[PDB]
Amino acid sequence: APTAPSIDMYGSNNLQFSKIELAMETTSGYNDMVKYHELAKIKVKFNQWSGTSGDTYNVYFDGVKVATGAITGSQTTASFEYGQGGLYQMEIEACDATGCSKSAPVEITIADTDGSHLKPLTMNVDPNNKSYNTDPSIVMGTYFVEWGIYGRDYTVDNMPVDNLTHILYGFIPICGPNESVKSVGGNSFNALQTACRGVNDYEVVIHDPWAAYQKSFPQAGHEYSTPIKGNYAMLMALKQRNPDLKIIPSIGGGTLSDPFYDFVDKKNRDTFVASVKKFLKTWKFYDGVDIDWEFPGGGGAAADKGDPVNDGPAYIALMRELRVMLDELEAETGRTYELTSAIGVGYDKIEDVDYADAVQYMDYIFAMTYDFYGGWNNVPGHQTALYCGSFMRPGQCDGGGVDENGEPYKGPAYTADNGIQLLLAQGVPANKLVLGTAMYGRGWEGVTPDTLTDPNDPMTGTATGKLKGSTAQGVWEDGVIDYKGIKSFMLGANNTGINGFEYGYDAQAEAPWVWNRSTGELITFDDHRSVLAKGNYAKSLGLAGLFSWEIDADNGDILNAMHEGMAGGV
């Protein structure tokens, strides 16, 4: 016989609650901005403006009692905890000695990071991505980059997810020595320093919390009160649409790998593995971890780091210790968690790790069969060829010979086949290796006809510097161009060359190029033909499948060719 409660929607945070507490309106240290709670804190204000208030309230979710407390006037705040994410029909009843009066039901949301409070994501995929019926046991992976939501304007709902088995989310940094990030310029290092305030060295953090969980995306139905927004909320709604898709955070990458060189000290590995565990308990849409250390032994961005004696065993110990940790998580959750890694495949990178040993702990190795040549020097070559190109010298392919000054080659040339064969030769099983495809070109300026030693092969020329171009043409950094930019501005609709470019294909190497004889612009990339060759190769060897770098740079053609190449290899 009290007055039935009316719920104050605006005074109760629009009934949006969450197991994870995320700062939405600042940028600060990771432990300050993100706190995961086993019980969500619920606070609901309700009013009984007329009649009698009564003396106690009970709260029901879908008919089940979940909280009780005292009413002592005409406005009450009910505070309680609840442990399960989801949407629920909430009623609040007020009671006195004579009876109870229940409010009308209203939906309350309790967010959790598995996306259990979210409907399947609405997609907006370019229709140039076709539908395939590829065997679901073949890996078809890609990297989605966190910063792609800015100038590249490529969001989670743009991904052709039904053509993917694995989404690797690039990248999760590690607090600590990070001079390589500083050297890149822009705001990357400053962002990282902020995220690491109050964080122990060697723990993972989110690099850009605005991209990850703050930015409101209209296409995803995000509102002011939505407790999780950003790319991560969209990946959560994506797992609701595609529950079998694996979404894996990739830790490291070329500029973020500095802290891995300190993993020869086991205390640093323990700190890092513990932070990864906490990370996967906090962000439950993720299905494992991808380790992208570029590179054990050195030769990467950090010119002053790398230990060819100790980094390999440290890498193998890291994989064992991660696998132990992921086994605990599988025990706690009943889920399967995957452990993978993207690796350099030049002989000098491979030789520093016993991968046959590492790989017993791992689900897959993503072999980085690209970046073999590029604008960091003026030597043209195929950056992603399967085999040795026509431009190579006698004995260069297998490393038997000498260069143009008579210097002996130090090892086999950089090709996908050389890398894959070296890994098989170590005893890595073919069905754990995933072959990489480039959705971008690397290129040079200045490779004009007078520099060529073979007048029909620009790979025999010499450059003056890196390819220059605008972001409109898909050039986001010097020397690098999106595949969709090469297609729009160099190849044209018929793949025969526009704007002063001509198309060529080195049939020996299985590698395409476009060349502008007058500017001497030369770009090496993967196209439909070379990606079919890769698919045939992967099929021949019984590899796990294919992956690509990076999804925002494709227009559909490369991922389509990945699927066609895997079907059609003979």
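Throughout, we count residues from 1 along the sequence that is shown.
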{"query": "Higher-B stretch (mean Cα B-factor, as the entry records it), 484-492 or 225-233", "finding": "484-492"}
{"query": "269-277 versus 384-392 - which carries the larger mean C-alpha B factor in the record", "finding": "384-392"}
{"query": "Highest recorded Cα temperature factor - choice among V434, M325, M319, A78", "finding": "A78"}
{"query": "Identity of residue with top Cα B-factor, from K349, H207, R152, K239", "finding": "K239"}
{"query": "Chain-wide C-alpha B factor ranking for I42, given as lowest, middle or highest third", "finding": "middle"}
{"query": "B-factor third for the C-alpha atom of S530 within its chain", "finding": "lowest"}
{"query": "Third of chain Cα B-factors occupied by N536", "finding": "middle"}
{"query": "Chain thirds of CA B-factor: placement of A358", "finding": "lowest"}
{"query": "Chain-relative CA temperature factor third for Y60", "finding": "middle"}
